[PDB]
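Shown next: structure_30.pdb, containing PDB, C-alpha atoms.
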ATOM      1  CA  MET A   7     -14.975   2.716  17.019  1.00  0.00           C
ATOM      2  CA  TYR A   8     -12.497  -0.137  17.057  1.00  0.00           C
ATOM      3  CA  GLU A   9     -13.775  -2.058  20.117  1.00  0.00           C
ATOM      4  CA  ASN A  10     -15.145  -4.845  17.934  1.00  0.00           C
ATOM      5  CA  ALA A  11     -12.094  -5.155  15.685  1.00  0.00           C
ATOM      6  CA  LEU A  12      -9.831  -5.274  18.744  1.00  0.00           C
ATOM      7  CA  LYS A  13     -12.057  -7.897  20.380  1.00  0.00           C
ATOM      8  CA  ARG A  14     -11.835 -10.109  17.288  1.00  0.00           C
ATOM      9  CA  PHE A  15      -8.212  -9.511  16.253  1.00  0.00           C
ATOM     10  CA  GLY A  16      -6.284  -8.525  19.389  1.00  0.00           C
ATOM     11  CA  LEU A  17      -3.427  -6.055  19.305  1.00  0.00           C
ATOM     12  CA  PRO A  18      -1.750  -5.395  15.953  1.00  0.00           C
ATOM     13  CA  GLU A  19       1.467  -7.424  16.260  1.00  0.00           C
ATOM     14  CA  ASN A  20       4.961  -5.932  15.815  1.00  0.00           C
ATOM     15  CA  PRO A  21       3.605  -2.412  15.180  1.00  0.00           C
ATOM     16  CA  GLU A  22       5.524   0.302  13.367  1.00  0.00           C
ATOM     17  CA  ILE A  23       4.907   3.791  14.817  1.00  0.00           C
ATOM     18  CA  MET A  24       3.054   6.380  12.756  1.00  0.00           C
ATOM     19  CA  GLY A  25       4.535   9.736  13.748  1.00  0.00           C
ATOM     20  CA  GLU A  26       2.525  12.813  14.631  1.00  0.00           C
ATOM     21  CA  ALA A  27       3.811  14.751  11.617  1.00  0.00           C
ATOM     22  CA  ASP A  28       2.505  11.955   9.367  1.00  0.00           C
ATOM     23  CA  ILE A  29      -0.835  11.879  11.229  1.00  0.00           C
ATOM     24  CA  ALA A  30      -1.054  15.679  10.986  1.00  0.00           C
ATOM     25  CA  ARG A  31      -0.726  15.429   7.202  1.00  0.00           C
ATOM     26  CA  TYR A  32      -4.087  13.586   7.077  1.00  0.00           C
ATOM     27  CA  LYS A  33      -6.253  15.849   9.275  1.00  0.00           C
ATOM     28  CA  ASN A  34      -9.697  16.152   7.630  1.00  0.00           C
ATOM     29  CA  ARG A  35      -8.510  13.733   4.941  1.00  0.00           C
ATOM     30  CA  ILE A  36      -8.852  10.465   6.925  1.00  0.00           C
ATOM     31  CA  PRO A  37     -11.497  10.176   9.708  1.00  0.00           C
ATOM     32  CA  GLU A  38     -10.064  11.070  13.121  1.00  0.00           C
ATOM     33  CA  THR A  39     -11.421   7.963  14.855  1.00  0.00           C
ATOM     34  CA  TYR A  40      -9.265   5.877  12.519  1.00  0.00           C
ATOM     35  CA  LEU A  41      -6.195   8.080  12.982  1.00  0.00           C
ATOM     36  CA  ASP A  42      -6.539   7.983  16.762  1.00  0.00           C
ATOM     37  CA  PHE A  43      -6.772   4.181  16.594  1.00  0.00           C
ATOM     38  CA  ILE A  44      -3.444   4.189  14.698  1.00  0.00           C
ATOM     39  CA  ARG A  45      -1.945   6.724  17.120  1.00  0.00           C
ATOM     40  CA  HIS A  46      -2.596   4.244  19.935  1.00  0.00           C
ATOM     41  CA  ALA A  47      -2.098   0.850  18.317  1.00  0.00           C
ATOM     42  CA  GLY A  48       0.542   1.734  15.741  1.00  0.00           C
ATOM     43  CA  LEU A  49       0.782  -0.016  12.356  1.00  0.00           C
ATOM     44  CA  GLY A  50       0.910  -3.778  12.825  1.00  0.00           C
ATOM     45  CA  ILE A  51      -0.121  -7.269  11.729  1.00  0.00           C
ATOM     46  CA  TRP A  52      -3.354  -9.211  12.344  1.00  0.00           C
ATOM     47  CA  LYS A  53      -4.228 -12.916  11.853  1.00  0.00           C
ATOM     48  CA  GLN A  54      -0.586 -13.871  11.269  1.00  0.00           C
ATOM     49  CA  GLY A  55      -0.254 -11.690   8.148  1.00  0.00           C
ATOM     50  CA  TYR A  56      -3.763 -11.992   6.697  1.00  0.00           C
ATOM     51  CA  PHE A  57      -3.945  -8.180   6.989  1.00  0.00           C
ATOM     52  CA  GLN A  58      -1.399  -5.544   7.960  1.00  0.00           C
ATOM     53  CA  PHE A  59      -1.654  -1.785   8.371  1.00  0.00           C
ATOM     54  CA  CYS A  60       0.677   0.546   6.525  1.00  0.00           C
ATOM     55  CA  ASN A  61       1.723   4.175   6.614  1.00  0.00           C
ATOM     56  CA  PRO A  62      -0.162   5.885   3.721  1.00  0.00           C
ATOM     57  CA  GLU A  63       2.788   8.196   3.212  1.00  0.00           C
ATOM     58  CA  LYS A  64       5.104   5.227   2.515  1.00  0.00           C
ATOM     59  CA  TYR A  65       2.805   3.653  -0.120  1.00  0.00           C
ATOM     60  CA  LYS A  66       1.393   6.750  -1.903  1.00  0.00           C
ATOM     61  CA  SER A  67       3.419   6.027  -5.048  1.00  0.00           C
ATOM     62  CA  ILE A  68       1.474   2.765  -5.392  1.00  0.00           C
ATOM     63  CA  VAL A  69      -1.807   4.691  -5.273  1.00  0.00           C
ATOM     64  CA  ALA A  70      -0.336   7.206  -7.726  1.00  0.00           C
ATOM     65  CA  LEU A  71       0.639   4.462 -10.182  1.00  0.00           C
ATOM     66  CA  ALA A  72      -2.512   2.358  -9.889  1.00  0.00           C
ATOM     67  CA  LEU A  73      -4.966   5.262 -10.031  1.00  0.00           C
ATOM     68  CA  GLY A  74      -2.881   7.547 -12.268  1.00  0.00           C
ATOM     69  CA  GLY A  75      -5.124   9.980 -14.079  1.00  0.00           C
ATOM     70  CA  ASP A  76      -8.497   8.798 -12.818  1.00  0.00           C
ATOM     71  CA  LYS A  77     -11.159  11.499 -12.540  1.00  0.00           C
ATOM     72  CA  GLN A  78     -13.361   9.938  -9.849  1.00  0.00           C
ATOM     73  CA  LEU A  79     -10.759   8.078  -7.723  1.00  0.00           C
ATOM     74  CA  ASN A  80      -8.093  10.748  -7.733  1.00  0.00           C
ATOM     75  CA  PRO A  81      -4.789   9.373  -6.337  1.00  0.00           C
ATOM     76  CA  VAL A  82      -4.150  12.689  -4.529  1.00  0.00           C
ATOM     77  CA  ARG A  83      -7.293  12.055  -2.439  1.00  0.00           C
ATOM     78  CA  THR A  84      -6.833   8.290  -1.967  1.00  0.00           C
ATOM     79  CA  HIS A  85      -4.795   6.928   0.907  1.00  0.00           C
ATOM     80  CA  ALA A  86      -3.489   3.388   1.403  1.00  0.00           C
ATOM     81  CA  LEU A  87      -4.264   2.225   4.956  1.00  0.00           C
ATOM     82  CA  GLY A  88      -3.333  -1.481   4.885  1.00  0.00           C
ATOM     83  CA  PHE A  89      -3.311  -4.577   2.733  1.00  0.00           C
ATOM     84  CA  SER A  90      -4.120  -8.275   2.706  1.00  0.00           C
ATOM     85  CA  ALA A  91      -1.392 -10.906   2.540  1.00  0.00           C
ATOM     86  CA  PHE A  92      -1.591 -10.753  -1.288  1.00  0.00           C
ATOM     87  CA  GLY A  93      -1.257  -6.989  -1.645  1.00  0.00           C
ATOM     88  CA  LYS A  94      -4.956  -6.098  -1.840  1.00  0.00           C
ATOM     89  CA  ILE A  95      -4.948  -2.535  -0.469  1.00  0.00           C
ATOM     90  CA  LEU A  96      -7.603  -1.111   1.839  1.00  0.00           C
ATOM     91  CA  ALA A  97      -7.618   2.593   0.932  1.00  0.00           C
ATOM     92  CA  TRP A  98      -9.614   5.632   1.975  1.00  0.00           C
ATOM     93  CA  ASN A  99     -10.910   7.917  -0.771  1.00  0.00           C
ATOM     94  CA  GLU A 100     -11.809  11.372   0.551  1.00  0.00           C
ATOM     95  CA  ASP A 101     -14.841  11.667  -1.765  1.00  0.00           C
ATOM     96  CA  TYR A 102     -16.202   8.109  -1.977  1.00  0.00           C
ATOM     97  CA  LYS A 103     -14.806   6.415   1.200  1.00  0.00           C
ATOM     98  CA  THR A 104     -13.605   2.812   1.395  1.00  0.00           C
ATOM     99  CA  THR A 105     -11.722   1.644  -1.697  1.00  0.00           C
ATOM    100  CA  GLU A 106     -10.040  -1.690  -2.517  1.00  0.00           C
ATOM    101  CA  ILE A 107      -7.083  -1.919  -4.915  1.00  0.00           C
ATOM    102  CA  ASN A 108      -6.514  -5.552  -5.928  1.00  0.00           C
ATOM    103  CA  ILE A 109      -2.851  -5.485  -6.999  1.00  0.00           C
ATOM    104  CA  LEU A 110      -2.658  -9.186  -7.919  1.00  0.00           C
ATOM    105  CA  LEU A 111      -5.688  -9.206 -10.258  1.00  0.00           C
ATOM    106  CA  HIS A 112      -5.555  -5.531 -11.396  1.00  0.00           C
ATOM    107  CA  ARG A 113      -9.012  -4.565 -10.128  1.00  0.00           C
ATOM    108  CA  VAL A 114     -10.446  -1.624  -8.178  1.00  0.00           C
ATOM    109  CA  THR A 115     -13.713  -1.610  -6.236  1.00  0.00           C
ATOM    110  CA  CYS A 116     -15.696   1.254  -4.705  1.00  0.00           C
ATOM    111  CA  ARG A 117     -19.137   1.048  -3.091  1.00  0.00           C
ATOM    112  CA  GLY A 118     -19.509   4.815  -2.695  1.00  0.00           C
ATOM    113  CA  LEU A 119     -18.965   5.433  -6.414  1.00  0.00           C
ATOM    114  CA  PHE A 120     -22.121   3.403  -7.114  1.00  0.00           C
ATOM    115  CA  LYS A 121     -24.404   3.859  -4.084  1.00  0.00           C
ATOM    116  CA  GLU A 122     -24.294   7.245  -2.386  1.00  0.00           C
ATOM    117  CA  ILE A 123     -23.006   7.327   1.199  1.00  0.00           C
ATOM    118  CA  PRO A 124     -23.917  10.286   3.460  1.00  0.00           C
ATOM    119  CA  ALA A 125     -20.776  12.118   4.608  1.00  0.00           C
ATOM    120  CA  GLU A 126     -21.665  11.678   8.301  1.00  0.00           C
ATOM    121  CA  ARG A 127     -21.139   7.907   7.943  1.00  0.00           C
ATOM    122  CA  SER A 128     -17.387   8.239   7.162  1.00  0.00           C
ATOM    123  CA  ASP A 129     -16.103   7.164  10.601  1.00  0.00           C
ATOM    124  CA  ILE A 130     -18.558   4.244  10.635  1.00  0.00           C
ATOM    125  CA  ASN A 131     -17.737   3.350   7.005  1.00  0.00           C
ATOM    126  CA  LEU A 132     -14.018   3.018   7.691  1.00  0.00           C
ATOM    127  CA  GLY A 133     -14.841   1.208  10.929  1.00  0.00           C
ATOM    128  CA  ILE A 134     -16.904  -1.352   9.062  1.00  0.00           C
ATOM    129  CA  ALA A 135     -14.110  -1.896   6.534  1.00  0.00           C
ATOM    130  CA  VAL A 136     -11.567  -2.525   9.314  1.00  0.00           C
ATOM    131  CA  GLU A 137     -13.857  -5.037  11.067  1.00  0.00           C
ATOM    132  CA  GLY A 138     -14.123  -6.933   7.781  1.00  0.00           C
ATOM    133  CA  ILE A 139     -10.441  -7.643   6.978  1.00  0.00           C
ATOM    134  CA  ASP A 140     -10.905 -11.336   7.789  1.00  0.00           C
ATOM    135  CA  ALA A 141     -13.428 -12.005   4.985  1.00  0.00           C
ATOM    136  CA  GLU A 142     -12.509 -14.803   2.577  1.00  0.00           C
ATOM    137  CA  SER A 143     -12.500 -12.231  -0.231  1.00  0.00           C
ATOM    138  CA  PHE A 144      -9.135 -11.041   1.129  1.00  0.00           C
ATOM    139  CA  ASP A 145      -7.656 -14.508   0.749  1.00  0.00           C
ATOM    140  CA  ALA A 146      -6.660 -15.455  -2.784  1.00  0.00           C
ATOM    141  CA  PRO A 147      -7.775 -18.590  -4.661  1.00  0.00           C
ATOM    142  CA  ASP A 148      -5.347 -20.583  -6.772  1.00  0.00           C
ATOM    143  CA  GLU A 149      -6.172 -21.812 -10.302  1.00  0.00           C
ATOM    144  CA  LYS A 150      -8.296 -24.645  -8.868  1.00  0.00           C
ATOM    145  CA  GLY A 151     -10.389 -22.161  -6.845  1.00  0.00           C
ATOM    146  CA  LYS A 152      -8.784 -23.220  -3.548  1.00  0.00           C
ATOM    147  CA  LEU A 153      -7.710 -20.546  -1.057  1.00  0.00           C
ATOM    148  CA  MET A 154      -3.951 -20.081  -0.640  1.00  0.00           C
ATOM    149  CA  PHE A 155      -3.284 -18.202   2.639  1.00  0.00           C
ATOM    150  CA  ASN A 156      -3.128 -21.130   5.104  1.00  0.00           C
ATOM    151  CA  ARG A 157      -0.812 -23.210   2.922  1.00  0.00           C
ATOM    152  CA  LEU A 158       1.385 -20.171   2.269  1.00  0.00           C
ATOM    153  CA  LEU A 159       1.561 -19.351   5.988  1.00  0.00           C
ATOM    154  CA  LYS A 160       2.694 -22.920   6.753  1.00  0.00           C
ATOM    155  CA  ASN A 161       5.098 -23.399   3.834  1.00  0.00           C
ATOM    156  CA  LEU A 162       6.601 -19.897   3.530  1.00  0.00           C
ATOM    157  CA  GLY A 163       6.266 -18.678   7.127  1.00  0.00           C
ATOM    158  CA  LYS A 164       4.647 -15.549   8.499  1.00  0.00           C
ATOM    159  CA  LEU A 165       4.930 -12.293   6.586  1.00  0.00           C
ATOM    160  CA  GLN A 166       7.080  -9.580   8.131  1.00  0.00           C
ATOM    161  CA  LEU A 167       5.587  -6.081   8.229  1.00  0.00           C
ATOM    162  CA  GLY A 168       6.012  -4.615   4.768  1.00  0.00           C
ATOM    163  CA  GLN A 169       5.977  -7.925   2.850  1.00  0.00           C
ATOM    164  CA  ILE A 170       3.300  -9.783   0.849  1.00  0.00           C
ATOM    165  CA  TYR A 171       2.984 -13.131  -0.931  1.00  0.00           C
ATOM    166  CA  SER A 172       3.563 -12.537  -4.637  1.00  0.00           C
ATOM    167  CA  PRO A 173       3.886 -14.809  -7.673  1.00  0.00           C
ATOM    168  CA  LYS A 174       7.459 -15.414  -8.758  1.00  0.00           C
ATOM    169  CA  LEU A 175       6.417 -15.693 -12.432  1.00  0.00           C
ATOM    170  CA  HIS A 176       3.337 -13.563 -13.001  1.00  0.00           C
ATOM    171  CA  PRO A 177       0.294 -15.337 -14.557  1.00  0.00           C
ATOM    172  CA  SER A 178       0.135 -12.811 -17.402  1.00  0.00           C
ATOM    173  CA  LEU A 179       3.552 -14.128 -18.554  1.00  0.00           C
ATOM    174  CA  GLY A 180       2.592 -17.792 -18.287  1.00  0.00           C
ATOM    175  CA  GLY A 181       3.055 -18.104 -14.527  1.00  0.00           C
ATOM    176  CA  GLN A 182       0.779 -20.265 -12.404  1.00  0.00           C
ATOM    177  CA  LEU A 183      -1.565 -18.977  -9.734  1.00  0.00           C
ATOM    178  CA  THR A 184      -0.549 -21.809  -7.383  1.00  0.00           C
ATOM    179  CA  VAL A 185       1.132 -21.930  -3.964  1.00  0.00           C
ATOM    180  CA  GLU A 186       4.309 -23.318  -5.546  1.00  0.00           C
ATOM    181  CA  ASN A 187       4.772 -20.105  -7.579  1.00  0.00           C
ATOM    182  CA  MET A 188       4.228 -17.771  -4.589  1.00  0.00           C
ATOM    183  CA  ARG A 189       7.096 -16.140  -2.605  1.00  0.00           C
ATOM    184  CA  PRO A 190       7.362 -13.610   0.252  1.00  0.00           C
ATOM    185  CA  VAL A 191       8.646 -10.282  -1.121  1.00  0.00           C
ATOM    186  CA  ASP A 192       9.009  -6.607  -0.261  1.00  0.00           C
ATOM    187  CA  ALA A 193       5.521  -5.138  -0.699  1.00  0.00           C
ATOM    188  CA  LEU A 194       6.486  -1.646  -1.910  1.00  0.00           C
ATOM    189  CA  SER A 195       8.878  -3.006  -4.572  1.00  0.00           C
ATOM    190  CA  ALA A 196       6.511  -5.736  -5.791  1.00  0.00           C
ATOM    191  CA  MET A 197       3.537  -3.340  -5.811  1.00  0.00           C
ATOM    192  CA  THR A 198       5.628  -0.805  -7.701  1.00  0.00           C
ATOM    193  CA  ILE A 199       6.117  -3.366 -10.480  1.00  0.00           C
ATOM    194  CA  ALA A 200       2.564  -4.702 -10.504  1.00  0.00           C
ATOM    195  CA  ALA A 201       0.876  -1.309 -10.551  1.00  0.00           C
ATOM    196  CA  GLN A 202       2.797  -0.412 -13.729  1.00  0.00           C
ATOM    197  CA  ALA A 203       2.357  -3.771 -15.496  1.00  0.00           C
ATOM    198  CA  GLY A 204      -0.928  -3.022 -17.231  1.00  0.00           C
ATOM    199  CA  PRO A 205      -4.207  -1.223 -16.475  1.00  0.00           C
ATOM    200  CA  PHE A 206      -6.767  -1.678 -13.700  1.00  0.00           C
ATOM    201  CA  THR A 207     -10.467  -2.360 -14.176  1.00  0.00           C
ATOM    202  CA  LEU A 208     -13.021  -0.696 -11.904  1.00  0.00           C
ATOM    203  CA  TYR A 209     -15.887  -2.945 -10.842  1.00  0.00           C
ATOM    204  CA  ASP A 210     -19.311  -2.159  -9.410  1.00  0.00           C
ATOM    205  CA  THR A 211     -19.900  -4.436  -6.402  1.00  0.00           C
ATOM    206  CA  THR A 212     -23.236  -2.674  -5.683  1.00  0.00           C
ATOM    207  CA  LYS A 213     -25.186  -4.762  -8.232  1.00  0.00           C
ATOM    208  CA  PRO A 214     -25.273  -8.579  -7.967  1.00  0.00           C
ATOM    209  CA  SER A 215     -23.971  -8.672 -11.560  1.00  0.00           C
ATOM    210  CA  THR A 216     -20.644  -7.183 -10.337  1.00  0.00           C
ATOM    211  CA  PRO A 217     -20.063  -5.713 -13.813  1.00  0.00           C
ATOM    212  CA  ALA A 218     -16.895  -4.199 -15.177  1.00  0.00           C
ATOM    213  CA  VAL A 219     -17.445  -0.447 -15.459  1.00  0.00           C
ATOM    214  CA  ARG A 220     -14.295   1.032 -17.038  1.00  0.00           C
ATOM    215  CA  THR A 221     -10.505   1.160 -17.061  1.00  0.00           C
ATOM    216  CA  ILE A 222      -8.871   3.200 -14.302  1.00  0.00           C
ATOM    217  CA  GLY A 223      -7.363   6.405 -15.707  1.00  0.00           C
ATOM    218  CA  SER A 224      -9.766   6.293 -18.688  1.00  0.00           C
ATOM    219  CA  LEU A 225     -13.367   7.207 -19.415  1.00  0.00           C
ATOM    220  CA  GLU A 226     -16.226   4.710 -19.467  1.00  0.00           C
ATOM    221  CA  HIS A 227     -17.299   3.655 -22.967  1.00  0.00           C
TER     222      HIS A 227
END

Please express what this file holds, its structure, as structure tokens.
Amino acid sequence: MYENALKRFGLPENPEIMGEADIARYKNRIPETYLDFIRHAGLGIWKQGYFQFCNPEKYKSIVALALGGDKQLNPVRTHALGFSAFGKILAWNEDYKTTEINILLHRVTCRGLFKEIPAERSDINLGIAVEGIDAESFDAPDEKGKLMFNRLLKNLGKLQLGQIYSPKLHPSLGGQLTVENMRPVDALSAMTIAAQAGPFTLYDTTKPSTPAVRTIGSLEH
């Protein structure tokens, strides 16, 4: 299932081991082809920090905070698998499959909430998501629309496993979305703050309109 991703990205660098007890915890909750991939490759870094895999057990509080009280994307059934260099989480929802939690911009996106996915496509669905972690959508534009990853790699250095690039002064307080205001930080700590600093908006990326649907943890109006 991961032949293509491995061809394009090589071995996950500096992997952390995911233990068998942890992998046992997710039997029938995360597709086995993905878990076996992790059993072999561990939890490491691709593209010099553009994406990294994480232990869902270690980041479940972030899912709990961001998705707290949602009826459709229930945190108890949503598992953080990895994240971009800016903290955008690739997660697996047991009912609606691949989920993205954009921590920086406070957005959530789910394709299976809005177009139905047959349950026998789960393994393939997660496999497609993992092949895609190099899309530009996982970069992050500054205020002038210009992508930030390459400049941040050069000027701040490579992320260590368990860090992300995060704004020092958050935009919602007057901070700038520019490379100068970005710093490498502990991901779990930073995400713990961000996921409690206001609500998240769920978006429908099935339509070309990409319309805002509702606030996470609340009902649609």

Determine the nearest neighbour of residue 55 in chain A from the options A:139, A:72, A:29, A:23, counting only C-alpha atoms.
->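 Closest to residue 55 in chain A of all the choices is A:139.
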
In Å, how far is it from CA of residue 155 in chain A to CA of residue 92 in chain A?
->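 Value for the CA of residue 155 in chain A-CA of residue 92 in chain A distance: 8.6 Å.
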
Given the PyMOL selection byres ((chain A and resi 109) around 10), the residues it picks as JSON, numbers by chain | {"A": [68, 72, 89, 92, 93, 94, 95, 106, 107, 108, 110, 111, 112, 113, 114, 172, 196, 197, 198, 199, 200, 201, 206]}

Would you please work out which residue, of A:97, A:41, A:47, A:185, is nearest to residue 18 in chain A when using only C-alpha atoms?
->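 Of the candidates, the smallest distance to residue 18 in chain A is held by A:47.
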
Mind giving me the straight-line distance from CA of residue 115 in chain A to CA of residue 211 in chain A in Å, one decimal?
->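 Taking CA of residue 115 in chain A as the start and CA of residue 211 in chain A as the end point, the length is 6.8 Å.
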
Target residues per the PyMOL selection byres ((chain A and resi 22) around 8), formatted as a ChimeraX atom specification | /A:20-21,23-24,48-50

Best match for closeness to residue 31 in chain A among A:164, A:85, A:150, A:176, counting all atoms listed in the file |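 Among the listed residues, A:85 lies closest to residue 31 in chain A.
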
Given the PyMOL selection byres ((chain A and resi 61) around 9) and the file above, list the residues it selects as a PDB file with C-alpha atoms, keeping the file's coordinate frame.
ATOM      1  CA  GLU A  22       5.524   0.302  13.367  1.00  0.00           C
ATOM      2  CA  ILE A  23       4.907   3.791  14.817  1.00  0.00           C
ATOM      3  CA  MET A  24       3.054   6.380  12.756  1.00  0.00           C
ATOM      4  CA  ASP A  28       2.505  11.955   9.367  1.00  0.00           C
ATOM      5  CA  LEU A  49       0.782  -0.016  12.356  1.00  0.00           C
ATOM      6  CA  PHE A  59      -1.654  -1.785   8.371  1.00  0.00           C
ATOM      7  CA  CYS A  60       0.677   0.546   6.525  1.00  0.00           C
ATOM      8  CA  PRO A  62      -0.162   5.885   3.721  1.00  0.00           C
ATOM      9  CA  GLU A  63       2.788   8.196   3.212  1.00  0.00           C
ATOM     10  CA  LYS A  64       5.104   5.227   2.515  1.00  0.00           C
ATOM     11  CA  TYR A  65       2.805   3.653  -0.120  1.00  0.00           C
ATOM     12  CA  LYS A  66       1.393   6.750  -1.903  1.00  0.00           C
ATOM     13  CA  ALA A  86      -3.489   3.388   1.403  1.00  0.00           C
ATOM     14  CA  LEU A  87      -4.264   2.225   4.956  1.00  0.00           C
ATOM     15  CA  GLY A  88      -3.333  -1.481   4.885  1.00  0.00           C
TER      16      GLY A  88
END

Minimum-distance residue to residue 100 in chain A, chosen among A:207, A:34, A:161, A:178 (using all atoms listed in the file) =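 Ranking A:207, A:34, A:161, A:178 by distance to residue 100 in chain A, first place goes to A:34.
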
Pick from A:99, A:175, A:13, A:25: nearest to residue 131 in chain A, with all atoms listed in the file counted?
-> A:99

Centre, x/y/z edge lengths, axis-aligned box for range 80-96 of chain A with 5 Å per side, as AutoDock Vina command-line options:
--center_x -4.7 --center_y 0.9 --center_z -1.4 --size_x 16.8 --size_y 33.6 --size_z 22.7

Counting all atoms listed in the file, which of A:134, A:7, A:170, A:162 gets nearest to residue 40 in chain A?
-> A:7

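Straight-line separation from CA of residue 101 in chain A to CA of residue 130 in chain A: 14.9 Å.
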
Extract, using all atoms listed in the file, all DNA, RNA and protein residues at most 8 Å from residue 148 in chain A, discarding same-chain residues fewer than 2 positions from it, and format them as a PDB file with C-alpha atoms, in the frame of the given file.
ATOM      1  CA  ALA A 146      -6.660 -15.455  -2.784  1.00  0.00           C
ATOM      2  CA  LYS A 150      -8.296 -24.645  -8.868  1.00  0.00           C
ATOM      3  CA  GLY A 151     -10.389 -22.161  -6.845  1.00  0.00           C
ATOM      4  CA  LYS A 152      -8.784 -23.220  -3.548  1.00  0.00           C
ATOM      5  CA  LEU A 153      -7.710 -20.546  -1.057  1.00  0.00           C
ATOM      6  CA  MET A 154      -3.951 -20.081  -0.640  1.00  0.00           C
ATOM      7  CA  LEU A 183      -1.565 -18.977  -9.734  1.00  0.00           C
ATOM      8  CA  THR A 184      -0.549 -21.809  -7.383  1.00  0.00           C
ATOM      9  CA  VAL A 185       1.132 -21.930  -3.964  1.00  0.00           C
TER      10      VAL A 185
END

If we count only C-alpha atoms, what is near residue 14 in chain A at a cut-off of 12 Å, once residues fewer than 3 positions away on the same chain are taken out, given as a list in words?
->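 Final neighbour list, sorted by chain and number: residues 8, 9, 10, 11, 17, 18, 52, 53, 136, 137, 138, 139 and 140 of chain A.
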
Name all residues at most 9 Å from range 77-84 of chain A (count all atoms listed in the file; drop same-chain ones fewer than 3 positions away) and give them as a count of residues only.
-> 23

If you count all atoms listed in the file, which residues fall within 9 Å of residue 128 in chain A, apart from same-chain ones fewer than 6 positions away, as JSON, numbers by chain?
-> {"A": [36, 37, 103, 104]}
